[PDB]
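Q:
4 protein chains.
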Amino acid sequence: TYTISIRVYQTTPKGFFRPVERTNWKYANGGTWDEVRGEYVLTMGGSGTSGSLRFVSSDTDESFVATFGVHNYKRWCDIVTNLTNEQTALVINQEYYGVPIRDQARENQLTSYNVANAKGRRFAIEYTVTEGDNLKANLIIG
Amino acid sequence: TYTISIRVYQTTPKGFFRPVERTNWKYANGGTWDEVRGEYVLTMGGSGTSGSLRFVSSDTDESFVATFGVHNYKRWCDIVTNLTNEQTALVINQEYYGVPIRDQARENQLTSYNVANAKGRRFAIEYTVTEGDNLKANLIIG
Amino acid sequence: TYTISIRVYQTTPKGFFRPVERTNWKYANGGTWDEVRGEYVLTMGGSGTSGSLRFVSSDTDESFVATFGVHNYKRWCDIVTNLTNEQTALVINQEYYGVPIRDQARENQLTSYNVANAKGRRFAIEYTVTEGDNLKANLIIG
Amino acid sequence: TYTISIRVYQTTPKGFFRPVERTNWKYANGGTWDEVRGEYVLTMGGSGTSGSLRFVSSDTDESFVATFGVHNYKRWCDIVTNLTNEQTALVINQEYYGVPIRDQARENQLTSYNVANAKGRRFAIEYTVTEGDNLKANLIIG
Ligand SMILES: [C]C(=O)[N][C]1[C](O[C]2O[C]([C][O])[C]([O])[C]([O])[C]2[O])[C]([O])[C]([C][O])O2[C]1O2[C][C]([N])C([O])=O
Ligand SMILES: [C]C(=O)[N][C]1[C](O[C]2O[C]([C][O])[C]([O])[C]([O])[C]2[O])[C]([O])[C]([C][O])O2[C]1O2[C][C]([N])C([O])=O
Ligand SMILES: [C]C(=O)[N][C]1[C](O[C]2O[C]([C][O])[C]([O])[C]([O])[C]2[O])[C]([O])[C]([C][O])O2[C]1O2[C][C]([N])C([O])=O
Ligand SMILES: [C]C(=O)[N][C]1[C](O[C]2O[C]([C][O])[C]([O])[C]([O])[C]2[O])[C]([O])[C]([C][O])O2[C]1O2[C][C]([N])C([O])=O
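Protein chains in written order, with PDB author numbering: chain B, 2 to 143; chain A, 2 to 143; chain B', 2 to 143; chain A', 2 to 143. A prime marks a further copy of an entry chain.
(1) For the 8 Å Cβ check, are there 3 or more pairs between the segment 98-116 of chain B' and the segment 125-133 of chain B'?
(2) Here's the rule: buried if 16 or more other CB atoms are within 10 angstroms of the residue's CB, otherwise exposed. What is residue 85(A)?
(3) Which stretch, first to last residue, makes up the alpha helix (DSSP H) that contains residue 138(B')?
(4) Measure the alpha-carbon distance for residue 96(B') versus residue 51(B') and round it to whole angstroms.
(5) Threshold first: 3 residues or longer. Then list the beta strand (DSSP E) segments lying entirely within the segment 7-95 of chain B', N to C.
(6) Between residue 26(B) and chain A, is there a C-beta pair that is closer than 8 Å?
(7) For a quick check, are the C-beta atoms of residue 80(A') and residue 43(A') less than 8 Å apart?
(8) May I ask you to list, following chain order, the residues of the segment 26-40 of chain A' that have a beta carbon less than 9 Å from some beta carbon of chain B'?
(9) Any Cβ of chain B within less than 8 Å of the Cβ of residue 94(A)?
(10) Compare the C-alpha of residue 70(B) against each of 15(B), 89(B), 49(B), 62(B) and name the closest.
(11) Between the C-alpha atoms of residue 56(B') and residue 102(B), what's the straight-line distance to the nearest angstrom?
(12) From the DSSP output, which residues share a beta bridge with residue 116(A)?
(13) For residue 89(B'), which option in 34(A'), 12(A'), 20(A') has the closest C-alpha, if you only look at C-alpha atoms?
(14) Give me, in chain order, the residues of the same chain whose beta-carbon lies closer than 8 Å to that of residue 37(B); leave out the 5 immediate sequence neighbours on both sides.
(15) Determine, using beta carbons only, whether residue 145(A') and residue 24(B') come nearer to each other than 8 Å.
(16) Just tell me which of 9(A), 133(A), 59(A), 129(A) has its CA closest to the CA of residue 40(A).
(17) Does the beta carbon of residue 90(B') sit closer than 8 Å to a beta carbon anywhere in chain A'?
(18) Is it the case that the Cβ atoms of residue 31(B') and residue 63(A') are separated by a distance below 8 Å?
(19) With residue 120(A) and residue 91(B) assumed to form a contact (beta carbons below 8 Å), what rounded beta-carbon distance in angstroms separates them?
(20) In chain B, which residues lie with their C-beta within 9 Å of the C-beta of residue 105(A')?
(21) Across which residues does DSSP place residue 3(B') in a beta bridge pair?
(22) From the beta carbon of residue 21(A), is the nearest beta carbon of chain B less than 8 Å away?
(23) Run through chain A and tell me which residues come within less than 7 Å of residue 17(B'), C-beta to C-beta.
(24) Could you tell me how far apart the beta carbons of residue 78(A) and residue 138(A) are, in whole angstroms, since I believe they sit closer than 8 Å?
(25) Exposed or buried, what is residue 66(A') when buried is set at 16 or more other beta-carbons lying within 10 Å of its beta-carbon?
(26) Listed from N- to C-terminal order along the chain, which residues in the segment 109-140 of chain B have their beta-carbon within a distance smaller than 7 Å of any beta-carbon of chain A?
(27) Does the CB of residue 87(A') have a neighbour CB from chain B' at under 8 Å?
(28) Cβ of residue 119(A) within 7 Å of any heavy atom in ligand 4?
(29) Residue 132(A) to residue 143(A), Cα distance in whole Å?
(30) Less than 8 Å separating the beta-carbons of residue 14(B) and residue 141(A')?
What follows is the structure in structure tokens.
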């Protein structure tokens with residue numbers, strides 16, 4: 002069993018990103034999302050699955066999906082931004098298992114990732130615990 | 002724009018179901034989940050989409066996915082229980098747009114629905130506001 | 002250090018009680034409230050303090066404060082209902098340390114308590130773990 | 002009826018502040034705290050009361066209480082940090098109605114305020130909507 006505990010840091014009081022969706026991919030006996038002491042906790046039944054969090058800033062028409070999981074017994078992450086209305090977390094989470102551009106991100110098994118949207122706002126995931134069954138990450142909204 | 006505001010009632014102190022997942026289908030400009038004044042609020046960009054909530058009772062190894070949406074300008078709902086580990090809300094939400102028996106449930110445009118798991122516990126959805134753009138439902142756990 | 006983990010069971014879809022306030026009394030090095038896996042977790046720095054949760058049903062003009070704590074190394078609980086607008090949880094929590102009718106409830110060190118409001122709705126606290134540092138209780142709204 | 006809607010910004014991945022307490026003062030028919038679309042919403046029955054939020058970073062042994070209210074029909078705010086274990090939000094909220102220095106902070110009717118703890122970290126409140134019945138503020142953690 003794996004857990005990834007995520008601390009969300011929203012660093013800029015221009016716009017406001019709120020949580021809107023949390024998904025579990027179906028491999029590795031699935032998984033769950035829990036809120037624990039102000040943190041998001043993704044629990045997974047084995048290696049080879051993932052879960053996604055979508056955040057939306059309605060004030061500024063910005064959004065992103067942050068995905069966390071374990072691939073071949075190593076943690077991975079990705080961020081997708083500049084979303085169309087059709088790119089829910091349900092959509093994006095599932096794309097990591099069959100869409101080549103997404104598969105490759107997962108296969109990279111990254112301990113950290115940062116991306117900017119069209120407006121220049123940066124978003125980052127940084128794992129603070131990178132090994133073992135109980136992983137930890139900061140999700141940083143610039 | 003539709004909202005469906007959901008109040009959860011857990012009616013017996015036998016087992017404890019906790020929220021674990023909330024998904025948005027991609028049709029009709031997608032949608033979001035918000036927590037508002039103790040209720041789960043599904044917001045959708047128009048008619049023809051839906052969102053799902055999964056709840057798990059780890060104490061009693063029970064779970065269910067409740068789905069809410071609007072089909073041809075009328076609200077609908079369904080519950081799936083007896084879930085396999087591969088049946089996350091991500092999976093179940095999508096099945097209402099391709100799987101005949103699930104398609105049929107959506108097409109039923111029900112204001113209320115119930116189903117029991119193999120353990121004999123019943124779950125129900127009851128829309129208390131069945132018309133207009135701000136719909137309301139009780140999710141009742143037996 | 003003591004914890005009391007509380008599972009809220011809202012059993013009747015007549016009215017809707019939502020969480021509106023959570024307080025910590027100042028004795029025994031204070032305490033905190035956390036949300037953990039859908040449960041409310043009161044953590045206290047020693048014996049002799051408590052914390053309160055207030056719930057309000059705006060639909061039906063009903064409300065109550067449920068207080069949990071440890072007195073002389075034994076758990077206690079109380080429920081106050083039929084609240085005036087001036088009886089916030091901040092008010093009620095503090096009354097257990099100087100108001101005789103409230104002091105006596107605390108001194109009773111109850112493992113369970115049930116009360117009805119003027120409308121006849123029952124509210125109950127039942128501790129499911131009654132000894133040790135990590136206590137557990139159901140809060141049942143009738 | 003006033004609402005004050007609060008957005009929390011945690012600006013540095015150094016430490017992690019989590020919500021631990023939310024209180025309502027008893028004047029002006031009291032008030033409530035709700036979570037709405039990722040924001041903390043304080044609702045008050047009129048002018049002359051307030052509510053407090055406490056946040057704790059156990060990682061770095063830091064904490065603060067942020068208080069928001071309306072005094073003589075104008076919004077006010079304060080932050081207290083360098084908290085003792087006996088300074089819960091329950092305690093601090095009440096001090097604004099009897100303790101001269103706290104009374105004075107309320108009487109200041111500030112649209113913005115900041116204070117630093119002994120560790121050099123600054124906290125701020127910034128009202129983004131300063132007039133009317135639906136007030137809005139940023140709570141910024143430095
Ligand atoms: C171990 C790992 O991690 N692996 C992975 C996977 O996962 C899996 O899946 C399956 C189905 O297919 C099941 O669910 C199980 O349980 C699990 O584990 C997957 O995810 C993939 C993607 O798709 O990846 C990984 O792997 C690699 C290769 N391809 C193989 O297969 O092996
Ligand atoms: C109106 C309605 O409801 N409709 C519906 C739909 O939705 C839709 O979808 C599309 C794509 O495909 C888009 O997204 C839009 O926007 C929306 O609106 C769908 O859902 C379906 C299922 O699949 O159902 C309904 O419809 C029916 C038929 N198809 C016709 O149209 O009519
Ligand atoms: C041990 C116990 O539990 N005790 C109690 C108390 O608590 C206390 O308090 C103090 C102040 O005063 C401090 O804070 C400490 O820390 C603690 O512990 C109290 O609470 C009381 C009520 O008021 O009760 C109990 O006790 C009994 C008697 N009175 C004595 O004092 O001992
Ligand atoms: C209008 C206003 O804001 N006022 C104020 C007050 O509040 C009040 O209180 C009372 C009792 O005491 C009752 O609760 C009512 O309802 C309310 O409104 C108070 O808070 C104070 C502080 O202590 O402050 C203000 O005022 C001032 C003076 N005292 C005169 O009046 O003016």
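Positions of the beta carbon are idealized from the N, C-alpha and C atoms, including for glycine.
A: To lay it out plainly:
(1) Short answer: they touch.
(2) Residue 85(A) comes out exposed.
(3) Looking at the DSSP string, residue 138(B') is not in any alpha helix (DSSP H); the run it does join, the beta strand (DSSP E), is 135-142.
(4) In this structure, the alpha-carbon of residue 96(B') lies about 11 Å from that of residue 51(B').
(5) Listed in chain order, they are 19-25, 32-37, 40-45, 51-58, 63-72, 75-82.
(6) The beta carbon of residue 26(B) sits closer than 8 Å to some beta carbon of chain A.
(7) No. Outside cutoff.
(8) Here the close residues are 26, 27, 28, 29, 30, 31, 32, 33, 34, 35, 36.
(9) With 8 Å as the cut-off, residue 94(A) counts as an interface residue toward chain B.
(10) Of the listed residues, the one whose Cα sits closest to residue 70(B) is 49(B).
(11) In a straight line, the C-alpha of residue 56(B') is about 48 Å away from that of residue 102(B).
(12) 124(A), per the DSSP bridge assignment.
(13) Among 34(A'), 12(A'), 20(A'), the Cα nearest to that of residue 89(B') is on 34(A').
(14) Taken in chain order, the residues that qualify are 6.
(15) In this structure chain A' extends from 2 to 143, so residue 145(A') is not present and cannot be described.
(16) Of the candidates 9(A), 133(A), 59(A), 129(A), the one whose C-alpha sits nearest the C-alpha of residue 40(A) is 9(A).
(17) Cβ-Cβ to chain A' under 8 Å: yes for residue 90(B').
(18) Using a Cβ distance threshold of 8 Å, residue 31(B') and residue 63(A') do not count as a contacting pair.
(19) About 28 Å separates the beta carbon of residue 120(A) from that of residue 91(B), a gap too long to meet the 8 Å contact definition.
(20) Within chain B, no residue comes near residue 105(A'); the closest Cβ sits about 27 Å away, beyond 9 Å.
(21) Within the DSSP secondary-structure output, residue 3(B') pairs in a beta bridge with 45(B').
(22) Yes, residue 21(A) lies at the interface with chain B (some Cβ there is under 8 Å from its Cβ).
(23) Listed along the chain, the chain A residues whose CB falls inside 7 Å of the CB of residue 17(B') are 8.
(24) About 7 Å; that satisfies the 8 Å criterion.
(25) Answer is buried; the Cβ neighbour count reaches 16.
(26) The segment 109-140 of chain B vs chain A, Cβ under 7 Å: nothing.
(27) Interface residue, yes.
(28) Closer than 7 Å to some heavy atom of ligand 4: that does not describe the Cβ of residue 119(A).
(29) Cα-Cα distance, rounded: 26 Å.
(30) Cβ distance < 8 Å, so residue 14(B) and residue 141(A') count as in contact.
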